[PDB]
Structure formats: structure tokens, C-alpha cells
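Structure data follow from target28.cif (mmCIF, C-alpha atoms and all ligand atoms):
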data_start
#
loop_
_atom_site.label_atom_id
_atom_site.label_comp_id
_atom_site.auth_asym_id
_atom_site.auth_seq_id
_atom_site.Cartn_x
_atom_site.Cartn_y
_atom_site.Cartn_z
CA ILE A 1 -51.18 18.71 44.01
CA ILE A 2 -54.39 17.35 45.62
CA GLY A 3 -56.30 15.38 43.09
CA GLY A 4 -55.69 15.80 39.33
CA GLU A 5 -53.45 13.24 37.61
CA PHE A 6 -49.84 12.09 37.27
CA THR A 7 -48.35 13.70 34.19
CA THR A 8 -44.91 13.95 32.60
CA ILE A 9 -42.63 16.93 31.92
CA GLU A 10 -43.51 16.90 28.19
CA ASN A 11 -46.94 18.09 29.13
CA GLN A 12 -45.57 20.95 31.28
CA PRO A 13 -42.12 21.62 29.60
CA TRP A 14 -41.64 25.03 31.27
CA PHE A 15 -41.76 23.40 34.75
CA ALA A 16 -38.57 23.87 36.75
CA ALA A 17 -37.75 21.74 39.84
CA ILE A 18 -35.64 23.63 42.36
CA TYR A 19 -33.48 21.93 44.96
CA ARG A 20 -31.13 23.01 47.76
CA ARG A 21 -27.69 21.59 48.68
CA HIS A 22 -26.80 20.66 52.23
CA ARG A 23 -24.90 21.42 54.57
CA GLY A 24 -26.17 18.73 55.18
CA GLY A 25 -27.19 16.19 54.33
CA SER A 26 -26.81 16.35 50.48
CA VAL A 27 -29.84 17.56 48.38
CA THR A 28 -33.58 18.16 48.94
CA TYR A 29 -36.43 19.67 46.90
CA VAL A 30 -37.38 23.28 47.62
CA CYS A 31 -40.13 24.46 45.26
CA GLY A 32 -41.28 24.57 41.63
CA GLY A 33 -40.66 27.37 39.13
CA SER A 34 -41.35 28.23 35.49
CA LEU A 35 -38.98 28.82 32.55
CA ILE A 36 -39.88 32.20 31.07
CA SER A 37 -36.78 32.54 28.86
CA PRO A 38 -33.67 30.46 28.13
CA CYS A 39 -31.74 31.93 31.04
CA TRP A 40 -34.49 32.79 33.52
CA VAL A 41 -36.80 30.82 35.86
CA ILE A 42 -39.50 32.55 37.84
CA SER A 43 -40.70 31.21 41.24
CA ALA A 44 -41.83 32.55 44.65
CA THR A 45 -39.71 34.59 47.12
CA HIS A 46 -41.08 32.67 50.17
CA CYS A 47 -39.31 29.53 48.84
CA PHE A 48 -35.86 31.14 49.33
CA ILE A 49 -36.27 33.89 52.01
CA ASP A 50 -34.75 31.67 54.75
CA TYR A 51 -31.67 30.68 52.82
CA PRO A 52 -31.10 33.44 50.29
CA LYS A 53 -27.69 32.23 48.96
CA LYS A 54 -27.75 31.35 45.25
CA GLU A 55 -24.90 28.87 45.82
CA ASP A 56 -27.16 26.52 47.76
CA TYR A 57 -29.57 25.93 44.83
CA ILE A 58 -29.81 23.61 41.86
CA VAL A 59 -32.42 23.92 39.07
CA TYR A 60 -33.50 21.04 36.85
CA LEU A 61 -35.42 21.45 33.68
CA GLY A 62 -37.02 18.61 31.67
CA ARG A 63 -37.35 16.51 34.87
CA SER A 64 -40.50 14.43 35.64
CA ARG A 65 -39.41 12.78 38.94
CA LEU A 66 -38.64 14.19 42.34
CA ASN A 67 -35.77 12.03 43.58
CA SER A 68 -34.83 10.09 40.40
CA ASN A 69 -33.20 11.38 37.15
CA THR A 70 -35.46 11.55 33.96
CA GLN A 71 -34.04 11.05 30.44
CA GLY A 72 -33.91 14.53 28.77
CA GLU A 73 -33.42 16.45 32.08
CA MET A 74 -30.78 19.22 32.25
CA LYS A 75 -29.09 20.51 35.42
CA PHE A 76 -28.38 24.24 36.15
CA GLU A 77 -26.60 26.40 38.69
CA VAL A 78 -28.17 29.66 39.89
CA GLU A 79 -26.09 32.58 38.61
CA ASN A 80 -28.41 35.17 40.15
CA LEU A 81 -31.05 34.79 42.81
CA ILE A 82 -33.40 37.75 42.87
CA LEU A 83 -35.98 38.11 45.63
CA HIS A 84 -38.64 40.78 45.87
CA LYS A 85 -37.39 43.64 48.11
CA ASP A 86 -41.02 44.05 49.23
CA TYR A 87 -41.90 40.46 50.20
CA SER A 88 -44.12 40.26 53.34
CA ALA A 89 -46.07 37.46 54.95
CA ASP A 90 -48.89 38.19 57.35
CA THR A 91 -50.75 35.25 59.05
CA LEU A 92 -51.32 33.32 55.89
CA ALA A 93 -50.95 35.80 52.99
CA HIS A 94 -47.66 36.34 51.16
CA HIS A 95 -47.41 39.63 49.26
CA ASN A 96 -44.83 40.23 46.49
CA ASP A 97 -44.22 36.44 46.46
CA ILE A 98 -42.14 36.42 43.27
CA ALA A 99 -38.51 35.56 42.66
CA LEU A 100 -36.13 35.32 39.68
CA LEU A 101 -33.40 32.80 39.15
CA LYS A 102 -30.82 33.25 36.42
CA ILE A 103 -29.75 29.79 35.35
CA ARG A 104 -26.47 28.56 33.97
CA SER A 105 -25.02 25.15 33.33
CA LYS A 106 -21.47 24.32 34.37
CA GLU A 107 -20.60 24.61 30.66
CA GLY A 108 -21.94 27.46 30.85
CA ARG A 109 -25.07 27.60 28.72
CA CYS A 110 -28.73 28.57 29.23
CA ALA A 111 -31.63 26.21 28.38
CA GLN A 112 -32.09 24.58 24.92
CA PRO A 113 -35.69 23.85 23.95
CA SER A 114 -36.40 20.16 23.35
CA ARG A 115 -39.32 17.84 23.70
CA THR A 116 -39.02 18.15 27.53
CA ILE A 117 -38.01 21.84 27.87
CA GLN A 118 -39.89 24.89 26.49
CA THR A 119 -40.34 28.45 27.76
CA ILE A 120 -43.74 29.70 28.79
CA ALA A 121 -45.04 33.14 27.58
CA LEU A 122 -45.75 35.94 30.00
CA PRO A 123 -49.04 37.83 29.71
CA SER A 124 -49.10 41.41 28.46
CA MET A 125 -49.31 44.17 31.07
CA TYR A 126 -52.50 43.75 33.03
CA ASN A 127 -53.79 41.03 30.73
CA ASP A 128 -55.56 38.18 32.69
CA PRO A 129 -58.14 35.67 31.53
CA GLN A 130 -61.80 36.04 32.45
CA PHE A 131 -63.08 34.62 35.72
CA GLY A 132 -64.43 31.10 35.29
CA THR A 133 -61.51 30.33 32.93
CA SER A 134 -59.94 26.81 33.43
CA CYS A 135 -56.13 26.91 34.14
CA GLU A 136 -53.54 24.20 34.99
CA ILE A 137 -51.19 24.01 37.94
CA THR A 138 -48.39 21.45 38.25
CA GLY A 139 -45.93 20.36 40.88
CA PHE A 140 -44.37 17.74 43.17
CA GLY A 141 -46.44 19.03 46.18
CA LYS A 142 -48.28 16.80 48.66
CA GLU A 143 -51.18 14.70 47.36
CA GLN A 144 -52.98 15.19 50.73
CA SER A 145 -52.57 17.85 53.43
CA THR A 146 -51.80 15.24 56.05
CA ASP A 147 -49.15 13.34 54.08
CA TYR A 148 -45.59 13.54 55.13
CA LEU A 149 -44.17 12.20 51.82
CA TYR A 150 -44.20 13.90 48.37
CA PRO A 151 -45.17 12.17 45.10
CA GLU A 152 -42.24 10.89 43.09
CA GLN A 153 -43.87 11.67 39.72
CA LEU A 154 -45.04 15.13 38.55
CA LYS A 155 -48.78 15.93 38.88
CA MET A 156 -51.09 18.54 37.33
CA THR A 157 -54.72 19.45 37.79
CA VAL A 158 -57.17 22.01 36.44
CA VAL A 159 -58.65 24.84 38.56
CA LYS A 160 -60.88 27.79 37.56
CA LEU A 161 -60.13 31.55 38.00
CA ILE A 162 -62.31 33.19 40.61
CA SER A 163 -63.24 36.94 40.47
CA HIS A 164 -61.63 39.24 43.00
CA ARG A 165 -65.10 40.29 44.15
CA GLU A 166 -65.74 36.62 45.01
CA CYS A 167 -62.31 35.78 46.53
CA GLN A 168 -62.46 38.89 48.70
CA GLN A 169 -65.85 37.83 50.10
CA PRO A 170 -65.06 37.47 53.83
CA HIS A 171 -66.61 34.05 53.38
CA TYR A 172 -63.50 33.32 51.23
CA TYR A 173 -60.29 35.30 52.04
CA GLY A 174 -61.64 38.81 52.64
CA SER A 175 -58.94 41.44 52.83
CA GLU A 176 -55.99 39.08 52.78
CA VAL A 177 -56.08 39.17 48.95
CA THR A 178 -54.91 42.12 46.92
CA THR A 179 -55.02 43.25 43.29
CA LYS A 180 -51.46 41.80 43.14
CA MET A 181 -52.96 38.27 43.60
CA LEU A 182 -55.30 35.90 41.70
CA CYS A 183 -57.56 33.16 43.12
CA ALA A 184 -58.23 29.83 41.40
CA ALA A 185 -59.94 26.65 42.64
CA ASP A 186 -62.11 23.66 41.86
CA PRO A 187 -65.86 24.32 41.69
CA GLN A 188 -66.25 21.25 43.88
CA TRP A 189 -63.32 21.99 46.12
CA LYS A 190 -61.63 18.59 45.52
CA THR A 191 -58.47 19.63 43.64
CA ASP A 192 -55.79 22.19 44.63
CA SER A 193 -52.13 23.11 45.03
CA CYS A 194 -50.51 22.11 48.34
CA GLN A 195 -47.14 22.43 50.19
CA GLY A 196 -44.33 21.66 47.78
CA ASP A 197 -46.23 23.24 44.88
CA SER A 198 -45.23 26.83 45.70
CA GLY A 199 -43.35 28.72 42.98
CA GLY A 200 -44.97 26.53 40.30
CA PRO A 201 -47.06 27.74 37.29
CA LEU A 202 -50.69 28.61 37.00
CA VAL A 203 -51.00 28.37 33.21
CA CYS A 204 -53.86 29.63 31.09
CA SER A 205 -54.82 30.04 27.48
CA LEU A 206 -55.08 33.83 27.08
CA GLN A 207 -55.47 35.32 23.63
CA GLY A 208 -53.70 32.75 21.43
CA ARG A 209 -51.17 31.43 23.90
CA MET A 210 -50.33 29.17 26.91
CA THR A 211 -49.50 31.88 29.45
CA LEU A 212 -48.01 32.19 32.93
CA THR A 213 -50.84 33.92 34.65
CA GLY A 214 -49.90 33.04 38.20
CA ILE A 215 -47.26 31.61 40.53
CA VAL A 216 -48.43 29.26 43.28
CA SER A 217 -48.25 31.36 46.50
CA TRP A 218 -50.54 30.67 49.45
CA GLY A 219 -53.88 29.51 50.81
CA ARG A 220 -55.51 28.17 53.97
CA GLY A 221 -54.98 24.40 53.99
CA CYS A 222 -55.25 22.64 50.64
CA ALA A 223 -58.52 21.80 48.78
CA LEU A 224 -60.72 23.23 51.59
CA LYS A 225 -64.16 24.65 50.91
CA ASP A 226 -64.24 28.40 50.20
CA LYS A 227 -60.43 28.52 50.56
CA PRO A 228 -58.97 28.85 47.07
CA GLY A 229 -55.30 28.72 46.14
CA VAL A 230 -53.85 32.23 45.84
CA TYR A 231 -51.38 33.06 43.15
CA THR A 232 -49.05 35.91 42.51
CA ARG A 233 -50.56 37.84 39.59
CA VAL A 234 -47.83 37.92 36.99
CA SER A 235 -49.50 40.50 34.69
CA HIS A 236 -49.15 43.04 37.47
CA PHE A 237 -45.33 42.42 37.73
CA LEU A 238 -44.07 43.04 34.25
CA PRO A 239 -41.93 46.11 35.18
CA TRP A 240 -40.40 44.19 38.12
CA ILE A 241 -39.64 41.33 35.73
CA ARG A 242 -38.31 43.60 32.92
CA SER A 243 -35.87 45.59 35.13
CA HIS A 244 -34.44 42.60 37.00
CA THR A 245 -34.09 40.64 33.77
CA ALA B 1 -35.24 29.01 59.54
CA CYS B 2 -35.35 25.78 61.65
CA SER B 3 -32.56 23.29 60.80
CA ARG B 4 -34.44 21.55 58.15
CA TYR B 5 -34.45 19.58 54.93
CA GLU B 6 -38.12 20.48 54.84
CA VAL B 7 -39.74 20.92 51.46
CA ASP B 8 -41.34 24.35 50.81
CA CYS B 9 -41.28 25.23 54.52
CA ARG B 10 -43.50 28.35 54.06
CA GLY B 11 -46.04 26.73 51.66
CA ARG B 12 -49.78 26.10 52.30
CA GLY B 13 -49.40 23.53 55.01
CA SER B 14 -47.30 23.83 57.20
CA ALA B 15 -45.90 25.53 60.29
CA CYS B 16 -44.88 28.85 58.59
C1 LIG C 301 -39.39 25.08 60.76
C2 LIG C 301 -39.44 26.22 59.72
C3 LIG C 301 -38.73 26.15 58.51
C4 LIG C 301 -38.82 27.20 57.59
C5 LIG C 301 -38.06 27.14 56.25
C6 LIG C 301 -39.62 28.31 57.87
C7 LIG C 301 -40.32 28.39 59.07
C8 LIG C 301 -41.09 29.52 59.35
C9 LIG C 301 -40.23 27.34 60.00
#
Exercise: express the given structure as C-alpha cells:
Amino acid sequence: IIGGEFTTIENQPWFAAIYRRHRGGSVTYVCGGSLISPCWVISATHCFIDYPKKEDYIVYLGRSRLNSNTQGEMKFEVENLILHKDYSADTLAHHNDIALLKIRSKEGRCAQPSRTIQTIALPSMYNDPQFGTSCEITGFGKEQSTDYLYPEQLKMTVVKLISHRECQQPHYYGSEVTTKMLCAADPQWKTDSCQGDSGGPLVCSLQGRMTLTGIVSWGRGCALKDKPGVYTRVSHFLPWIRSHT
Amino acid sequence: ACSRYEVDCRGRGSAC
């Protein structure tokens, strides 16, 4: 996350931190995800497409630090790793960038809600908030494009939904963005998602509820003028999510 | 695929 503020998992209790075993070389962070039910985390296919073996991956819930354990964290194995059969990346755009992980503890239980772990609601079919709406994104991604290290404490920031009309100005992304994506950015271009934040939640209030409206997917650079973050548009994937779940 | 322990190797970034 570029800009925004350091937060803690209690403020984003549906955030899932996904790691890979080595191999190796022990264990390194992969990407963020979101808890959408006790047994299921949703994330982005591009995070896993290179190493698609569920046995490599660990999922933590209730965790606020990248390389240190947090009181109230729980560790999970990945029982099923489900990637989108239609994932494609062009130059910079990722299409169908959505993935499902079925989680299970060694014991072998799904998640229990607690002050650090809660599920996040999915939107109803084709329900998205209005453009201009303020949403939150969260993650352990880079704090600057040029950094080589990742923050050790979870960050969040607030970005605003942009209309498709506007995002598909050539001046923005043009044709690279599809009705299967949403755009969101800072009106002053100083806060954004960055590498390491992929798979994480774009969360909005939408008719009563904190909702998973997007998954962090792609963009040109991070926090660059007229280059918003692009998110996978969850409300256009309900059937995908229902069948594979 | 590289060889790497690289975080989010196809994220906004980033070689791929
Ligand atoms: C070096 C590298 C690593 C990954 C995971 C993906 C690409 C394209 C390049």
C-alpha cells in the first residue's frame, strides 16, 4: 500500500495472508486474500499460476505482521486451490484474476470468528456501489514502487470507485479494462495498492453492509497519475464462486 | 517462473 496508514487485523478481520513453502528456503509471503466464509478464502489467480500446487501454500487469518506471529492468528493448510480456467494476462491487464482457496487447519477445522477473524459479505449479483464511492484496500504490499522491502505491519488506505466510462478513457487504461473489472484510485493520485497487495480486498459499504467489491489485480506502476488500481469485479463472478464453492 | 522467493511476482511492479 502506497500511502494510507498502518492498521491492525482487527480493523480488516477478513484479511488473509498467504505464504508459500520452499523448496527452499523455508517460507515467504505470496499475496493477500479475503475470508468469504469459514472454509473459503478468495484471492487472485496470478498469485498462484506459476506454482499451482496447493501443498506449497499456507494461509494465516487474524495476522497483523508479515514475518512475525500476532496474538490471535490462526494457521491453515490449503485443501483445495482453485484457479480460473480462463485466466489471461496481456501486457499489463489480468483477466479472470480470481482464485479460491479452501482452508483447513491440521485439526482439521475451518475458521472461527473472533475479534481478529470475521468473514466479509459478497455483493449480490451485479450489485456495485456508485462511482465516487470511497472503499478500503489493505495489504502487506510495498510502501513505494522502488522499495525492495515490504512493510512488517499491515496497512490500509481509502480509494474512490471510478466509472468505467472514465477508466476506459484512453487517457487512463483504454481498452485494457473490461466489464469484469473495476477501477479505484485517489483523487490526488497519492495513495494506491502496489506489488504484494494483489489478491487483497477492495471493501465497500454497499446497501447495509461491508462488502467485497473487488480483488486487487493490476495497474501500471503504483500511485501514478491517471493510472488507477484495477480490481477483479466480484459481483460479476457470483456463478463462478457458487459452483466452485 | 524464475527461481524465486519473490513476493507477488506478477503484481503491479514488477517484471511480470
Ligand atoms: C522472475 C519471475 C517470477 C514470477 C513468479 C513470474 C514472472 C513472470 C517472472
Q | Nearest-residue call for ligand LIG 301 (chain C), choices A:170, A:25, A:196, A:3, using all atoms listed in the file | A |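 Ranking A:170, A:25, A:196, A:3 by distance to ligand LIG 301 (chain C), first place goes to A:196.
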Q: Place a sphere of radius 8 Å on (-64.4, 30.0, 36.2) in the file coordinates and name every protein, DNA or RNA residue with an atom inside or on its surface, counting all atoms listed in the file; give the answer as a list in words.
A: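 Checking each residue against the 8 Å limit leaves residues 130, 131, 132, 133, 134, 160, 161 and 162 of chain A.
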Q. How many Å separate atom CA of residue A:156 from atom CA of residue A:136?
A. 6.6 Å
Q: May I ask you to write as JSON, numbers by chain all residues lying at most 12 Å from ligand LIG 301 (chain C), with all atoms listed in the file counted?
A: {"A": [20, 30, 31, 45, 46, 47, 48, 49, 50, 51, 52, 89, 90, 91, 92, 195, 196], "B": [1, 2, 3, 4, 5, 6, 7, 8, 9, 10, 11, 12, 13, 14, 15, 16]}
Q | Between atom CA of residue A:72 and atom CA of residue A:108 - distance in Å to one decimal | A |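 Computed distance, atom CA of residue A:108 to atom CA of residue A:72, equals 17.7 Å.
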Provide an axis-aligned box for all listed atoms of stretch 3-16 of chain B, padding each side by 3 Å; report its centre and its edge lengths in Å to one decimal, as lines of an AutoDock Vina configuration file.
center_x = -41.2
center_y = 24.2
center_z = 55.8
size_x = 23.2
size_y = 15.3
size_z = 16.0
Q) Looking at all atoms listed in the file, which of A:114, A:68, A:11, A:193 is the one that sits closest to residue A:219? A) A:193
Q) By how many Å are atom CA of residue A:187 and atom CA of residue A:135 apart? A)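 These two atoms are separated by 12.6 Å.
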Q | Which residue of A:157, A:198, A:207, A:138 approaches chain B most closely, using all atoms listed in the file | A |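 Answer, going by the shortest atom-to-atom distance: A:198.
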Q: Dig up all the protein and nucleic acid residues within 10 Å of (-21.6, 22.1, 31.8) in the file frame, using only C-alpha atoms, and format them as a ChimeraX atom specification.
A: /A:74-77,104-110
Excluding residue A:9 and its own-chain neighbours fewer than 2 positions away, which residues fall within 12 Å of it when counting all atoms listed in the file? Please give them as a short mmCIF file (atom, residue, chain, number, x, y, z; two decimals) with C-alpha atoms, in the frame of the given file.
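Once everything was written out, this is part-v7.cif:
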data_model
loop_
_atom_site.label_atom_id
_atom_site.label_comp_id
_atom_site.auth_asym_id
_atom_site.auth_seq_id
_atom_site.Cartn_x
_atom_site.Cartn_y
_atom_site.Cartn_z
CA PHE A 6 -49.84 12.09 37.27
CA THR A 7 -48.35 13.70 34.19
CA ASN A 11 -46.94 18.09 29.13
CA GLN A 12 -45.57 20.95 31.28
CA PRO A 13 -42.12 21.62 29.60
CA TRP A 14 -41.64 25.03 31.27
CA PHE A 15 -41.76 23.40 34.75
CA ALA A 16 -38.57 23.87 36.75
CA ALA A 17 -37.75 21.74 39.84
CA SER A 34 -41.35 28.23 35.49
CA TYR A 60 -33.50 21.04 36.85
CA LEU A 61 -35.42 21.45 33.68
CA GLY A 62 -37.02 18.61 31.67
CA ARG A 63 -37.35 16.51 34.87
CA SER A 64 -40.50 14.43 35.64
CA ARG A 65 -39.41 12.78 38.94
CA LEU A 66 -38.64 14.19 42.34
CA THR A 70 -35.46 11.55 33.96
CA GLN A 71 -34.04 11.05 30.44
CA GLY A 72 -33.91 14.53 28.77
CA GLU A 73 -33.42 16.45 32.08
CA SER A 114 -36.40 20.16 23.35
CA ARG A 115 -39.32 17.84 23.70
CA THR A 116 -39.02 18.15 27.53
CA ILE A 117 -38.01 21.84 27.87
CA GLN A 118 -39.89 24.89 26.49
CA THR A 138 -48.39 21.45 38.25
CA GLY A 139 -45.93 20.36 40.88
CA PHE A 140 -44.37 17.74 43.17
CA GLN A 153 -43.87 11.67 39.72
CA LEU A 154 -45.04 15.13 38.55
CA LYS A 155 -48.78 15.93 38.88
CA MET A 156 -51.09 18.54 37.33
#
Q. What lies within 8 Å of residue A:41 using only C-alpha atoms, ignoring chain neighbours under 6 positions off, as JSON, numbers by chain?
A. {"A": [16, 33, 34, 35, 100, 101, 102, 103]}
List the spatial neighbours of residue A:179 as a compact mmCIF listing (two decimals) with C-alpha atoms, in the coordinates of the input - criterion: any atom at most 9 Å away, only C-alpha atoms, same-chain residues fewer than 3 positions off excluded.
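The new file result01.txt reads:
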# COMPACT_ATOMS: atom_id res chain seq x y z
CA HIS A 164 -61.63 39.24 43.00
CA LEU A 182 -55.30 35.90 41.70
CA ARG A 233 -50.56 37.84 39.59
CA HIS A 236 -49.15 43.04 37.47
